[PDB]
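J.: Just dropping this structure here.
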Amino acid sequence: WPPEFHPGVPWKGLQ
Amino acid sequence: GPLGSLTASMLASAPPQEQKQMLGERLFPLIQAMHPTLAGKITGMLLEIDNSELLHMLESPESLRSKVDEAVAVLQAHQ
């Protein structure tokens, strides 16, 4: 349900 | 080369999104070693919680494993 984390890509779960 | 060491004071100085990125870059590879396919989803779930707890998890393999195990159980029930 929270956005996936991808190394080196800004996480969209909090920005 | 290894990522740099992360401390509480360092983490605290950064903007909120940046703190999550700092934590995520370190959590992801360890989680991915445990769960190659679900790594991205597990890491995003864990990043929902408090940064000081995430830092503790990075400092204590036992603590990270326990959290990962709960996140997987939740994901597996949904899938």
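In the structure tokens, chains take letters A, B, ... by order of appearance, with residues numbered from 1 within each chain and ligands from 1 in the order shown.
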For chain B against chain A, which residues fall within 8 Å using only C-alpha atoms, given as a PyMOL selection string?
T.: chain B and resi 16-17+20-21+24-25+28+40-45+47-48
J.: For residue 76 in chain B, find every residue with an atom within 10 Å (counting only C-alpha atoms), except residues of its own chain fewer than 5 positions away, and show them as a VMD selection string.
T.: chain B and resid 38 70 to 71
J.: I need the alpha helix (DSSP H) residues of range 10-53 of chain B per DSSP on the backbone, written as a PyMOL selection string.
T.: chain B and resi 10-13+16-34+39-46+51-53
J.: For each of B:53, B:75, B:60, B:22, take the minimum atom-to-atom distance to residue 4 in chain B, counting only C-alpha atoms, then give the residue where this is smallest.
T.: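 Nearest to residue 4 in chain B: B:22.
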